[PDB]
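Student: Kindly generate the corresponding structure for this input.
(one chain, ligands or ions: 1)
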Amino acid sequence: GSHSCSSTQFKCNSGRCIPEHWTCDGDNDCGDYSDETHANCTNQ
Ligand SMILES: [Ca+2]
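Tutor: Numbering: from 1, shown residues only. I have put the structure below:
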């Protein structure tokens, strides 16, 4: 599809896509730490 990421993915600030369940999980999956920010943790 023309969308950036799939329906089950989290969109990193860099534009990289990662599985949504990978947010606030202890690993910097995005590489830019956007999936591990305090903000995303409070959304869990
Ligand atoms: Ca992570």
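Student: so where do the strands sit in the protein?
Tutor: All strands of the chain, identified by DSSP state E, fall at 9-11, 17-19.
Student: Same list (those) but as TSV, adding mean neighbour count.
Tutor: To be clear about C-beta, it is placed using only N, CA and C from the backbone, and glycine gets the same treatment. As requested, those are exported to TSV (neighbours: other CB atoms under 10 Å):
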stretch	mean neighbour count
strand 9-11	17
strand 17-19	16
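Student: Ok, which of those comes nearest the ion?
Tutor: strand 17-19 (7.2 Å; CB to the ion).
Student: From residue 27, how far off is residue 3?
Tutor: Per CB to CB, to the nearest Å, residue 3 is found 24 Å from residue 27.
Student: follow-up on the earlier one: turn the strands of the chain into TSV, including distance to residue 33.
Tutor: Listed next are the strands of the chain as TSV, based on distance: least, CB to CB, whole Å:
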stretch	distance to residue 33
strand 9-11	13
strand 17-19	12
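Student: Determine which of those approaches residue 38 most closely.
Tutor: With CB to CB as the criterion, residue 38 lies closest to strand 9-11 of these, at 15.4 Å.
Student: what helices or strands is the closest one leaning on?
Tutor: Applying 3 or more CB pairs under 8 Å, 6 or more residues apart in numbering; DSSP states H and E, we find strand 9-11 packed against strand 17-19.
Student: does the strand it packs on come close to the ion?
Tutor: No - on the criterion CB under 5 Å from the ion, strand 17-19 is out of touch with the ion, staying 7.2 Å away.
Student: The ion contacts on this protein?
Tutor: 22, 25, 27, 29, 35.
Student: so can I have a markdown table of those residues showing neighbour count?
Tutor: Formatted as a markdown table, the residues of the chain next to the ion follow (neighbours: other CB under 10 Å):
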| residue | neighbour count |
| --- | --- |
| 22 | 17 |
| 25 | 14 |
| 27 | 10 |
| 29 | 18 |
| 35 | 24 |
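Student: Could you save those residues as TSV and add columns showing distance to residue 10?
Tutor: TSV is the format used below for the residues of the chain next to the ion (distance: CB to CB, whole Å):
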residue	distance to residue 10
22	7
25	11
27	12
29	8
35	6
